[PDB]
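**Student:** Experimental structure and sequence below.
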Amino acid sequence: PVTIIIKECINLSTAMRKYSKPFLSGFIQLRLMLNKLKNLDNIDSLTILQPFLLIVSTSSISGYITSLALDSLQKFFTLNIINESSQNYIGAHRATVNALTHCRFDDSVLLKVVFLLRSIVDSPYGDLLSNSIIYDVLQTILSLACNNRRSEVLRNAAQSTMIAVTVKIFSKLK
Amino acid sequence: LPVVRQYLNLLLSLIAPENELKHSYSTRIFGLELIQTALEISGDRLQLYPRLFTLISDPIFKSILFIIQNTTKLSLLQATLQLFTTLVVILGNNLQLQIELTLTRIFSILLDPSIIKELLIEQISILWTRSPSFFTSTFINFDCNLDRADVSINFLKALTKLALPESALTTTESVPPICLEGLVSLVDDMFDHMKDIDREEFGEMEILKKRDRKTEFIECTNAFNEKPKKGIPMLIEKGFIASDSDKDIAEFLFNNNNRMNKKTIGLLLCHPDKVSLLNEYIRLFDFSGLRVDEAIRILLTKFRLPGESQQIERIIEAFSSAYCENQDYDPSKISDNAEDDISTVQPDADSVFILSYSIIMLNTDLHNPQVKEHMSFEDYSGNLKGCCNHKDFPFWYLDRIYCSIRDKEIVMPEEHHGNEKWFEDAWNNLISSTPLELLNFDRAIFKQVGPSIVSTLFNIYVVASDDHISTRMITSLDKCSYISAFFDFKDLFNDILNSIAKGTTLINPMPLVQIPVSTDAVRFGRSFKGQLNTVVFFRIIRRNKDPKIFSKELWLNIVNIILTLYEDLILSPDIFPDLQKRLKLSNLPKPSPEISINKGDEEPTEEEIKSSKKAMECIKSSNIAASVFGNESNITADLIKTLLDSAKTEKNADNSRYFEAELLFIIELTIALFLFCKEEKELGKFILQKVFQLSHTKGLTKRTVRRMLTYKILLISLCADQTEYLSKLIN
Amino acid sequence: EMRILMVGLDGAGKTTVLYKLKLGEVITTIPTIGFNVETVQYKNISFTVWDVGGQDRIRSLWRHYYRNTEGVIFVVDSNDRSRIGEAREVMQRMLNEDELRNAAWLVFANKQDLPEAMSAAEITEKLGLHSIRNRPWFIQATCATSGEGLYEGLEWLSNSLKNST
């Protein structure tokens, strides 16, 4: 459970070091902070995801590292390590979807983020998002679908996942 | 649920090394990630299901070991090591044979380019980086039981070999710090399990009995491969074998071949005296329902064959007498036109003796690299004209023998490792075989590694210059000293303190000047390393409980340090003003400096004095007098003898300034250390003789002699029945 | 590229001698299992040495390799007086096959250091080399550690081969 966390940080840190030759300081802080403890139940889950949020949010970094970070988040929500028992999981998911809507960082990362939005919103945990965040989500998938410059297959990815989130949203009128 | 079995079969086909040409490295990376993320979800539960655990045990580890061996791409190895680390973390308990093979082999390649070694170090650091407990756990799974080879001790030795900056020539700079992190974490964690257990309370469980039994096994095997006759009797005396009968010897030799050296068994077994051992050992193997080539493979996989011919004749003659009776005989079903039938061949013992020699002939003639003239199938087939009750052999039979030997050798795999084509048999050979209590495991863990780690750390402490790494090294060394002191390991603790005392740069120009300034003082102040060394060296002194651990040279270094500190007027000599107050005497005569300037002559310039002031503040903060002498425990007869021996008897030209001062200082110390001393019957004569002999030194001013007479009467008050010395004093 | 056989009883002495011969330069990993197969160089000559066991049944298997072979070697120990009776039987047995007209025969009386080592003339008398004719033979004395005239024996082999070829 904690092995996978510093596993992911090891992978992203060595990728960053290979690519480079401000984020690594907090990354090693995450490494040292998660080294000691046994189980995640002691501490909050916003800080463990926070370096991933910082890398994915800002646009100064190329597609390799942000693709690796998005695959890391995919592994996170696939393995369900950020469980409801963990403290402040609502805030962690809210921050994840708030940062993820900014489609900034060629076309691989767009499909990775929109698949991640599908996996979050379709899941029951996606019911905990706020109205502003989910509205921004709908805005960014609409921007992806509307575009013509982008590849058409990415457009069909946006079309299908838009259909999915619309179904999930409109099921809530009961 | 069968779909899981088929899916893991498909991933076996993806990952396995046979399908190298028909797949891309991207596909292999994807397959690696697939089984990696599949393992995490139902990891331990795979133990319950036997077929899936077998699939994850034998073949997929063949794949993982083949990939880590002969891979050059960095992304491929990055994906490969992740699955291995997760499998060690989750399923490390059950499949530990493969883990031991992987760790020995990966550490073998590790200690031989730079980037692959860096990635390997960074990924294998996963195992210890989870928590310190794994580093203990591997001791109580791998090295404890006698069956498996040593891992953990080799782990520490290899890792601390790698931690040196000396590897920077052959490795990139990213390896040393992450290497050092594991050892630092281990020694830091070992300090955590110290507070609860008392020092005197601790000082064995069934688990450590295996470790005690193991250590003689290595020496026994070394003696055995040194020569054969000296090995078995000591071994039987130790009682590993049930008795001296040949049956028990065969029972040993068949089961635990991996421990022993194959060439030793090959040399011993062919001895013409031990034919009974030959017969008894030959019975243990099975050949029922197998072809002849599989029979020779089973014969020679367990032990190496001897080179010379008559020994092969003896060994195969031993083979035939048992292999003939092993297989039941049915003369009724003899046939020639039949194909792929084992029962059709029922050779007489001489016939199968000749055939068994024949496959050896084929292997040696064909596949020996030296022989230029390879064999031919037709002449080989004709060579066995009339060697089964004077009759020829089936064509398909000898054809299959020739095809089998052509496709694959007859040779043991363990020596001929590293080749790309040979890992199949080498892998297949192995799997045919298959709070107070916590501290007790760690004694042996220190006992093999304790010097080496310390030496490595001290090498870094000599090479490093940054403040942070140096102080981290110093506090880790302090915790190592705590571990040595609590565990009652004497020579090691002496090694740390002696190396520190060499490193502090106080144990061996410009004369002394007024805030004294000196060569030693400036050397102390300007250098940060010794500056931080002194404070730890006198922090460790305070906390010592058992004074027996100190050695002679350690005490000598202590008196040299305190004397050299007092030489330059750093430390005031009033360690025991309470003794003076009780005896109602004034303070000591401080040693004079050479020149005293108040505030081209060599005045110490303003840019030189700051080192002296920094040294002043550091030594004042160290609290030397309360450290060495203030604590009650350190007072011992060894300190008295070494201190009073270290007085300067003779007065050279140079030492005129501090001669009488140091002479008074030593005895002023020894009175207080005698007074707190519990027993006084024996050492009293020693201190009296040394002090009275020292009083007879000439040239002393009358002030110090008046001071010296005051001690003698107090000595004679304390010590017992020395009438002659009192008479000498009176006279 | 010629072949020579070698026959004896004591494995350790034969193996040590064989390791002693092959030193022109040693760059190798491991030999294959089975029989010892070794190389020996000399100025203008190179030779390959195989091993042979002596008994009735298997010596038929050694027959075809004799088509290219032209030489034979022995090793006989000094203080092994008991087992000369076993050795000379094998010596006479090797003469039994009649296709070996061109078989060069040698002896290496290993361990000629101990005081009870029988004389070379007495070695000939005991082995029984006098009462046979019609073939070439040679006898020589050598020591495992110190060495004595082994290269002279190889020179004799080379000169015999150049006399033949």
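**Tutor:** Everything's here; your move. Numbering: from 1, shown residues only, chains lettered A, B, ... in the order given.

**Student:** which residues does the residue lying closest to residue C:4 once chain neighbours are set aside form a beta bridge with?
**Tutor:** Take residue C:4 and drop its neighbours on the chain: the residue closest to it by C-beta to C-beta, 6 or more residues apart in numbering or on different chains is residue C:71, 3.8 Å away. The C-beta positions use only the backbone N, C-alpha and C, and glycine is treated the same way. Assessed by DSSP bridges, residue C:71 has beta-bridge partners residue C:4, residue C:104.

**Student:** pretty sure residue C:71 contacts residue C:157?
**Tutor:** Yes: with contacts counted by C-beta atoms under 8 Å, residue C:71 reaches residue C:157, the gap being 6.4 Å.

**Student:** Common neighbours of those two, please.
**Tutor:** Residues touching both residue C:71 and residue C:157 comprise C:4, C:104, C:106, with contact defined as C-beta atoms under 8 Å, 6 or more residues apart in numbering or on different chains.

**Student:** residues touching the second one, list them.
**Tutor:** Spelled out, that is residue C:104. By C-beta under 8 Å, 6+ apart, the contact list for residue C:104 reads C:4, C:70-72, C:136, C:138, C:157, C:160-161.

**Student:** Let's see that with 7 Å instead.
**Tutor:** Neighbour list for residue C:104: C:70-72, C:136, C:157, C:160 [criterion: C-beta atoms under 7 Å, 6 or more residues apart in numbering or on different chains].

**Student:** who in chain C is up against chain A?
**Tutor:** Applying C-beta under 7 Å from any C-beta of the partner chain, we find that chain C lies next to chain A at no residue.

**Student:** show me the biggest helix of chain C in terms of residues.
**Tutor:** Under DSSP state H, the helix in chain C containing the largest number of residues is helix C:150-164.

**Student:** Would you indicate which residues of it are buried?
**Tutor:** Under the neighbour-count criterion of 16 or more other C-beta atoms under 10 Å in any protein chain shown, helix C:150-164 has C:150, C:153-154, C:156-157, C:160 buried.

**Student:** for stretch B:559-578, same thing?
**Tutor:** For stretch B:559-578, the buried set under the neighbour-count rule, 16+ other C-beta under 10 Å, comprises B:559-563, B:565-571, B:573, B:575-576.

**Student:** What is the nearest of those residues to chain A?
**Tutor:** residue B:561 (36.8 Å; C-beta to the nearest C-beta).

**Student:** I'd say the closest one and residue B:506 touch.
**Tutor:** Yes: applying C-beta atoms under 7 Å as the test, residue B:561 and residue B:506 come out as touching, 5.3 Å apart.

**Student:** In contact with the residue nearest to residue C:4: list those residues for me.
**Tutor:** By C-beta under 7 Å, 6+ apart, residue C:71 lies in contact with C:4, C:103-104, C:157.

**Student:** And residue C:17, by the same measure?
**Tutor:** C:75, C:108, C:110, C:144.

**Student:** Next: residue C:30.
**Tutor:** For residue C:30, the contact set (C-beta under 7 Å, 6+ apart) comprises B:415-416.

**Student:** all helices for the stretch 51-200 of chain B, in order.
**Tutor:** For the stretch 51-200 of chain B, the helices defined by DSSP state H, counting those that start in this stretch cover B:59-69, B:74-91, B:96-110, B:114-124, B:126-129, B:133-137, B:152-162, B:175-192.
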